[PDB]
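# Coordinate inspection notes
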Amino acid sequence: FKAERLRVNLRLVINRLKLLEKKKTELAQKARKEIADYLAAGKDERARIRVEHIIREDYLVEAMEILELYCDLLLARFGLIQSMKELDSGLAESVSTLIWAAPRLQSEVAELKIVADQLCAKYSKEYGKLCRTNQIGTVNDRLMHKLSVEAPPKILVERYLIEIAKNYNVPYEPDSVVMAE
Amino acid sequence: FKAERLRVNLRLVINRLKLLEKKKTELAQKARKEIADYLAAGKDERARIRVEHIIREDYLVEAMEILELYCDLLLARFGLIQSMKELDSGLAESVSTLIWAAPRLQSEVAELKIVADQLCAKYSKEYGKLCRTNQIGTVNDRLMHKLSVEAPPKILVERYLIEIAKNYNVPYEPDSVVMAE
Amino acid sequence: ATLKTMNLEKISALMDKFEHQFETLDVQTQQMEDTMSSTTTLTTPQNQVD
Amino acid sequence: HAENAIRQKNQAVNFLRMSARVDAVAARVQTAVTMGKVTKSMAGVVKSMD
């Protein structure tokens, strides 16, 4: 385990997350316009897939915001990392989430895997790849939900479509079966 | 089985289907004009063959729309593909249809065969070329009908001719034998 | 000599190949353009252009 | 043309800021070079005078 390596990788992860969330917000605007165009036509069951894409990306942006927050938290309390040998309570959440989410966002942010390494190679109490996955039952549940790979609720998709239609001056008749239940 | 290969091939299939349905709509307009010209003359039994061509192409365009929908559905729930080992219910229809229709539209869309490969090489429960054809009894029946290689109903052909004539200001006397039965 | 070398079968096949190759090129162009645009999105914000 | 104009504006601002940064760095490096020459000359003078 190297400390300065972890510091540099944390700063890089922060910058990368900033860039990614910016450009993802922009792409989300453009793809929302695309969904509005799709709704202009009679194609409806396809706009639901497109808006699934959109809300997945939005969950992802929120999760990246949370991860940037946690990385900056670790970077603000880095000396408290170097001094102690076991992490305190103030850093349990950050370390846990940054180790749990690394394989999730490993493709988007590469440096995150190095951060996970330095945070797994520094600890031995329930640590190590195997024990690091075993002791991952203390991560932020909200971030787990944002990065949860699951079909979003249908009513949520209908609400997303209703709002986009209402904004882009396009008519849309929600599926009452899901819109009312 | 490679995941990113499947992702890229799905995106390519989507783009190809978009281009194909666009240009097929255009060609359908032009060939409808041709059928109108054919009906202008006394040639009637030939316009029926031409409109058979047309309605085959229209079935094909609708089937391509459905397939684009399903490919985008898989692409929106790709993580749910990578995580599990057996497909869930939400992806049964997409996988089944994309494996069943691949040999049908293999000539039009080449990447579709690669998609079918990645979706057959990933599963073993009733999977593999032989078992993949054996377990194909759960595909969308509508798409099966759109890609069904059969002589369309004669009354449907008469309705197609009636509409084209009425639109292009050409007289046409439908075959009463089929127009009334 | 020519129609023996370049007959109707070969010509039709060659033209189907031309059409399919340039359709594939149509797909490549679309995807390439999507990516080119996605690369430069912070220099060209949609809001500013609007 | 609006996309092109906005892009050119933003990239011109970026190039200007970037050139300012490189100008600062180059001024610092030029100061360092001149001071290194001065320090070398004064070391030689110290040796000779010693």
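Per the deposition metadata, cryo-EM was the technique used to determine this entry, at a resolution of 3.1 Å.

Before going further, it helps to spend a moment on the interface of chain B and chain A. Note on interface size: it is often stated as the accessible area lost on association of the parts. Between chain B and chain A, the contact holds twelve residues from the first and eleven residues from the second. Roughly 990 Å² is buried in total at the junction of chain B and chain A, and carbon and sulfur atoms are behind 55% of that figure. Inspection of the chain B/chain A interface yields four salt bridges. The partner of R50 of chain A in a salt bridge is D72 of chain B, with the nearest N and O atoms 2.6 Å apart. Counting across the interface, chain B meets chain A through four residue pairs in polar contact.

Once that is clear, we can look at empty space enclosed by the protein. Residues and elements named next belong to chain B. Considered as a void within the structure, the largest cavity measures approximately 30 Å³ in volume. Along the walls of the largest cavity sit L80, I81, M84, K85, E86, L87, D88, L91, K122 and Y123, which together make up its complete lining. When the residues that make up the lining of the largest cavity are grouped by side-chain class, the tally is six nonpolar, no polar and four charged.

Bringing the interface of chain C and chain D into the picture now. Facing the five residues of chain C at the interface are six residues of chain D. Between chain C and chain D, a total of about 540 Å² is buried, with carbon and sulfur atoms accounting for 59% of that surface. Considering only the surface of chain C that becomes buried against chain D, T43, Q48 and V49 of chain C emerge as the three largest contributors, covering 72% of it. Summed over the shared surface of chain C and chain D, the result is zero salt bridges. Summed over the shared surface of chain C and chain D, the result is zero residue pairs in polar contact. Of the residues in the side of chain C that touches chain D, the class split is two nonpolar, three polar and no charged.

Here the focus is a nonpolar patch on the surface. Residue and element names in this part refer to chain C. A surface patch of nonpolar side chains, amounting to about 610 Å² of accessible area, comprises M6, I11, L14, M15, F18, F22 and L25. With respect to the helices and strands, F18 occurs in helix α2 (residues 8-39). The exposure class assigned to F18 is partly exposed, which follows from its relative accessible area of 47%.

To locate leftover empty space, one rolls a probe as large as a water molecule over the atoms. Within this model, the largest pocket holds a volume of roughly 2200 Å³. As for the largest pocket, its lining consists of 46 residues, and the residues nearest its centre are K24, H53 and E57 of chain A together with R7 and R11 of chain B. Those elements giving two or more residues to the lining of the largest pocket turn out to be α1 (3-40) and α2 (45-76) of chain A, α1 (3-40), α2 (45-76) and α3 (78-83) of chain B together with α2 of chain C. Of the residues that constitute the lining of the largest pocket, the class distribution is 15 nonpolar, 13 polar and 18 charged.

Not every positive phi belongs to a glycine, and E126 of chain A is a case in point at roughly 60 degrees. Along the chain, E126 of chain A turns up in the loop between α5 (111-121) and α6 (129-134).

For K18 of chain A, the location among the structural elements is in helix α1. Between the C-alpha atoms of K18 of chain A and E65 of chain A, which are 47 residues apart in sequence, the distance is 8.0 Å.

Residues and elements named next belong to chain A. The interhelical angle for the contact between helix α4 (residues 92-100) and α5, taken along N-to-C directions, is 125 degrees, at an axis separation of 9 Å. When the axes of α4 and α5 are compared, the pair comes out oblique. Both α4 and α5 take part in a crossing whose hand is left-handed. Where α4 approaches α5, its residues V95, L98 and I99 are matched on the opposing element by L112, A116, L119 and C120.

Okay, the side chain of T97 of chain B next. Assignment of secondary structure puts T97 of chain B in helix α4 (residues 92-100). Among residues more than four places away in sequence, those in contact with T97 of chain B are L67, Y70, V139 and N140 of chain B.

Criteria and thresholds
- Residues numbered from 1 in each chain as written, not as in the entry; some residues may be left out.
- Chains lettered and ligands numbered in written order.
- Part of a larger assembly, values for the part shown.
- Heavy atoms only, no water.
- Residues with missing side-chain atoms left out of burial classes, pairs and counts.
- Contact = heavy atoms within 4.5 Å.
- Buried area = accessible area lost by both parts, 1.4 Å probe.
- Salt bridge = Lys/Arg side-chain N within 4 Å of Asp/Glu carboxyl O.
- Polar contact = N/O pair within 3.5 Å; in protein donor to acceptor, adjacent residues only side chain to side chain.
- 1 Å grid on protein atoms, 1.4 Å probe; cavity = no way out; pocket = protein on both sides within 12 Å on 5 of 7 lines; lining within 4 Å.
- Points joined across faces, edges and corners; volume = space filled by probe spheres on them.
- Nonpolar A, V, L, I, M, F, W, Y, C, P; charged D, E, K, R; others polar.
- Patch = residues over 30% accessible without salt bridge, like charges linked within 9 Å, V, L, I, M, F, W, Y side chains within 5 Å.
- Areas by Shrake-Rupley, 256 points an atom, 1.4 Å probe, with all protein chains shown as cover.
- Helix = DSSP H or I, 4+ residues; strand = E, 2+ residues; numbered from the N terminus.
- Buried < 20%, exposed > 50% of the residue type's maximum accessible area, 1.4 Å probe, protein only.
- Axes fitted to C-alpha atoms, helices over the stretch in contact; angles between N-to-C directions.
- Parallel < 35°, antiparallel > 145°, perpendicular 65-115°, else oblique.
- Left-handed = near helix turned anticlockwise from the far one by under 90°.

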